[PDB]
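Before any questions on how it binds or moves, here is one chain, the form deposited in one PDB entry, in structure tokens.
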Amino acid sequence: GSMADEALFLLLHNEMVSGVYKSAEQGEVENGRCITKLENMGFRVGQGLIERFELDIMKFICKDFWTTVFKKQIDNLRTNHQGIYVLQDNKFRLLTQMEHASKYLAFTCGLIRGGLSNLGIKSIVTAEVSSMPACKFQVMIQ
């Protein structure tokens, strides 16, 4: 049912994170490589999802794209300035089992960046836990 459907990505993400950290070579946690691994995997998956489907583009990230991955829409899309958006998820699926949380946000930052890349957009995407398990993703167009 929906409960199992809503767990599938969390379970797979948990394996990705655990395995990247467990399998890290000497110095790769400390030098940021575990992070780039997670962001780069997210990028490829984001690209791939797009292949199966500026403000209009961002609402699609917030709605159809978020719903595919997380079974719900983004709670709030805000943009204060040309080229920078804040996407707020009030109960971020991947944190529902809890600086040390950043590793659980990296893959998703990549997902958003990859989806945008294949729509012709260069971006930087960062994230922070607002109040566990709420999260804000900051999308910065380049």
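The numbering used is simple: start at 1 and walk along the sequence shown. The term rigid core refers to the most C-alpha atoms you can superpose between the two forms while keeping them within 1.5 Å.
We do not show the form deposited in another entry, though everything after this point is about it.
Asker: In a superposition on the rigid core, which residue from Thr67, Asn31, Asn76, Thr79 has a CA displacement reaching 2 Å or more between the shown form and the other one?
Answerer: After core superposition, the one over threshold is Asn31.
Asker: Can you confirm the direction of the Cα distance change for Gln47 and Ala24 in the other entry, closer or farther than in this form, given it is 3 Å or more?
Answerer: It is farther: the C-alpha separation of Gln47 and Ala24 rises by at least 3 Å in the other entry.
Asker: Relative to what's shown here, the Cα pair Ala24 and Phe43 differs by 3 Å or more in the other entry. Does it come closer or drift farther?
Answerer: Farther apart, by at least 3 Å.
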